[PDB]
Protein chains: 2
Amino acid sequence: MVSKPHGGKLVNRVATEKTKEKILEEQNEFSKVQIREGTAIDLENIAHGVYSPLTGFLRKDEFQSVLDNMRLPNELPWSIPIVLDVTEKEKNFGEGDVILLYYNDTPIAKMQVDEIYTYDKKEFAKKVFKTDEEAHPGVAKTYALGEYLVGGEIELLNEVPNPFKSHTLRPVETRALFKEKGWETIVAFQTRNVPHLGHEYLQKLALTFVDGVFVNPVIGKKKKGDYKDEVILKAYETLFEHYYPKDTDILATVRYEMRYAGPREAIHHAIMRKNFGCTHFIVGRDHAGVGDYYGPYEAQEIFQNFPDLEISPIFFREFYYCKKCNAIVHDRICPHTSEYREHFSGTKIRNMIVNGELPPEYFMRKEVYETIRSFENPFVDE
Amino acid sequence: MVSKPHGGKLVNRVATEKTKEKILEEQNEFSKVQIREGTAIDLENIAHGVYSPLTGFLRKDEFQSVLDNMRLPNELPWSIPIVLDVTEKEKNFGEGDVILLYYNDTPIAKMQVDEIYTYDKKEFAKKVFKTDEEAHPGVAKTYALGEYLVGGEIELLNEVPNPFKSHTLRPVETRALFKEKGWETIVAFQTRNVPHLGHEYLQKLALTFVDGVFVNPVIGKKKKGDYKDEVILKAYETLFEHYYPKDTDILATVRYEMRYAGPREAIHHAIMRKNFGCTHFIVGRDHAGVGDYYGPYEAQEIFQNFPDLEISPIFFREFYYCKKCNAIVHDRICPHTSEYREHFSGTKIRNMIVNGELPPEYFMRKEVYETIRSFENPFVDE
Ligand SMILES: [Zn+2]
Ligand SMILES: [Zn+2]
């Protein structure tokens, strides 16, 4: 098969050097609106076509459509609302104006404001997140938004500084990379942790029916205790060098603030990976879900409502390392009792390292452990 | 699918207790013909339906058809000639007579002689074995046969004494066993050696797409150096107990003298396994072939000429244990050089044990080794 960008064509909303030049000369005659970091990232994903066919923030009819149907008005799958919020005090502009969107003191984007509209916060929250419980991070963030959403097209002037720009290839680059290597089918594997054997098992299992693997670590906010992103990248570089043939794998990052919308977000992740050029998308259990809100297989079941998605989700059956079979196996072929079975848990393996323990090599490749240990502190303190 | 016996129906040519009674009272009025042990085994396989639809030894038109087309006159696949040979001196009978076939001083079968015919030994040999080189065991055995072949139906009175009768279930028993366990698809795995990890890998790999596995050790002539058959059976019993879930495997023996006909014999083995009730038949490299006569994949390629065989051959791609991946892998997913790779060789593993060495556990399950070692001598001295 061939991977076509969501909506037919890859969006490019980067500003010409002529536009960025004049904007900053004439910036005092443009209303400024402050945005959060998550939004500045959304704006680079719009500009670089990661959110194709979006060309800016959603207008009213599109927002309502996304809430009610997870589709755009024209029926194209779209499941995560991409919106810009302002309060009454922050609203120093009107419909038709051109405004500048600032992150701190940096102008990130100019925006042609098409529509300024209101919304029901309780409907927003319940429909996106399937709950109106304030304990849910996303419901809490929805309830904190400004009263007004602002729809219209953007042009990217500046982007938030990225330490790993070298790894952050945009969709036009990953597509050309797939084509150079002769890959017609490509499987996306999304992660925010170092690779364990379970991860490798799935990726090499996909290698049997797909030409290549696109490992796509997400750069986002870090809880205290997570692996530093540098660590995830170096660990994966060690894995590929030592255990993968050379023309089977591509590693590039993408910046994206998780909304923890559960199954509604798995569709979004598939759309982003489609835009990168992928034909297939591995989906695991509890994907982008928050415990006690979404079922483990919920994020798999939702793809039944999107036959038209044109990227193939891949669901794998349960598996575990067996210490008597000495192999990754499954219940159908292994008769051994629970003490021989080791289920893979990125969290248990991380806590091991945090507690000063060595993961067995049926959990973690020796060389991957040595790479993690080569950092004086591989974990975020903030 | 459902497994139907070759030709539609399972042959039973066992003699009634009334026939065996009178035959031995009136034996002095029946010509006796001495047969080889291989032939007495052929006769039990005919009687118990292992050779369905055969009901005795082939007549002239059928023999010619099998040589030229590997099919019976009615076009049914049949590839190995099942014939009874006598010399001029041994021929104490005529067409229409009823004769007794003796192995030593034991009457094994009575036979209604339909046809006594001649044949060209050089054609026989070249067509069955693809060579007329006397160095080929089968060509040498063909050249030693009596000048006359004898066609006609048999009835089994006595069979060669079998130490493992308890394991030698006939096709009517294995079919009923499959049905009792609810297996609709069954895969045959044929062997004459103890199980190594490669064997287990294939059998459990088949378990993913088939309901059960039918491991079918062949009892036949033993070269000096082979494992005793008792050892193969106990080793497999240890393997299943320790590494297989309980309702996935069935182990029964069959007695059969290999003709070393290469690909022509792989079709015969599939027909025998079909008659046992199997739907699928694993075929490995150099199956029933003699080195420097048949290609490694020759025995796979021949099934292209038998679409109508109604038992599905299974061909597996190359694989090997990797001592850095620590797993059975393949070239597509493993980049490591030749010193990390261990290809499975039942012969190399046997020579290890003969030379007093311990096979690594990536070659042989600890418990399987301990079972073999539990015999004071696990190898045949003659
Ligand atoms: Zn096990
Ligand atoms: Zn390897």
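The figures that follow rest on heavy atoms only: side chains count, while hydrogens, waters and symmetry mates do not. Convention: sequence-line order gives letters A, B, ...; per-chain numbering from 1.
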J.: Answer yes if the ring centres of B/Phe379 and B/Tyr227 are under 6.0 angstrom apart, and no otherwise.
T.: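 B/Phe379 vs B/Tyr227: aromatic centres under 6.0 Å.
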J.: Can we call the ring centroids of B/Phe344 and B/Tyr320 under 6.0 Å apart?
T.: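 No, ring centres 6.0 Å or more apart.
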J.: For the residue pair B/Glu237 / B/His167, report whether a side-chain donor-acceptor contact shorter than 3.5 Å exists.
T.: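 On atom types as modelled, these side chains qualify, holding a pair under 3.5 Å.
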J.: Side-chain contact test, heavy atoms from C-beta onward, threshold under 4.5 Å: evaluate it for B/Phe189 versus B/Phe281 and give yes or no.
T.: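 Sidechains of B/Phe281 and B/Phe189: no contact.
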J.: Between B/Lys246 and B/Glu241, does at least one N-O distance fall below 4.0 Å, as a salt bridge requires?
T.: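 Yes, charged N to carboxylate O under 4.0 Å.
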J.: Report the relative orientation of the aromatic rings in B/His136 and B/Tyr294; use parallel for angles under 30°, tilted for 30 to 60°, perpendicular for over 60°.
T.: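 Judged by the thresholds at 30° and 60°, the geometry between B/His136 and B/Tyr294 is perpendicular.
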J.: Taking side chain to side chain donor-acceptor pair (under 3.5 Å) as the definition, give me every residue that meets it alongside B/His268, ordered by chain and number, with sequence neighbours left out.
T.: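 Not a single residue meets the side chain to side chain donor-acceptor pair (under 3.5 Å) criterion with B/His268.
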J.: Taking all atoms of both residues into account, what is the closest heavy-atom pair of A/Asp211 and A/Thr185, and its distance?
T.: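 Scanning both residues, the minimum pair turns out to be N-OG1, 3.0 Å.
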J.: I'd like to know if B/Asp68 and B/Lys127 make a salt bridge, using a cut-off of under 4.0 Å between side-chain N and carboxylate O.
T.: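 B/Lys127 and B/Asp68: salt-bridged.
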J.: With a 4.0 Å cut-off on N to O distance, would you call B/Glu318 and B/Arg285 a salt bridge?
T.: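 No salt bridge links B/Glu318 with B/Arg285.
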J.: Say you draw a straight line from CD of B/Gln190 to SG of B/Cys278; how long is it, rounded to the nearest 0.5 Å?
T.: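 Rounded to the nearest 0.5 Å, the CD-SG separation comes to 11.0 Å.
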J.: Is it the case that B/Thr55 and B/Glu153 place a side-chain donor and acceptor less than 3.5 Å from each other?
T.: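 The answer is yes; a qualifying pair exists.
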J.: Can B/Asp85 and B/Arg36 be counted as an ion pair, charged N to O under 4.0 angstrom?
T.: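 Answer for the salt bridge query: yes.
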J.: In terms of the angle between their ring planes, are B/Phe63 and B/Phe124 parallel, tilted or perpendicular, with boundaries placed at 30° and 60°?
T.: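 Perpendicular: the ring planes of B/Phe63 and B/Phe124 meet at over 60°.
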J.: Of B/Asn12, B/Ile82, B/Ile41, which meets side-chain contact (heavy atoms from CB on, under 4.5 Å) against B/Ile46?
T.: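 The side-chain contact (heavy atoms from CB on, under 4.5 Å) with B/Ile46 is passed solely by B/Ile82 among B/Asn12, B/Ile82, B/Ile41.
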J.: Does a donor on one side chain and an acceptor on the other come within less than 3.5 Å for B/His336 and B/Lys324?
T.: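 No, B/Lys324 and B/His336 have no side-chain donor paired with an acceptor closer than 3.5 Å.
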J.: Assess, by modelled atom type and distance only, whether the side chains of B/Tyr256 and B/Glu265 contain a donor and an acceptor separated by less than 3.5 Å.
T.: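 Checked: B/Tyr256/B/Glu265 side chains pair up, N/O donor to acceptor below 3.5 Å.
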J.: Between the side chains of B/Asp308 and B/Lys4, is the shortest nitrogen-to-carboxylate-oxygen separation below 4.0 Å, so that they form an ion pair?
T.: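 No salt bridge links B/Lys4 with B/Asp308.
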J.: May I ask you to decide whether B/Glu361 forms a salt bridge with B/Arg365, counting only side-chain N to carboxylate O separations under 4.0 Å?
T.: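 The answer is no: the pair does not qualify as a salt bridge.
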J.: Would A/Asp331 and A/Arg317 pass as an ion pair if we require N to O under 4.0 Å?
T.: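 No, no charged N to carboxylate O under 4.0 Å.
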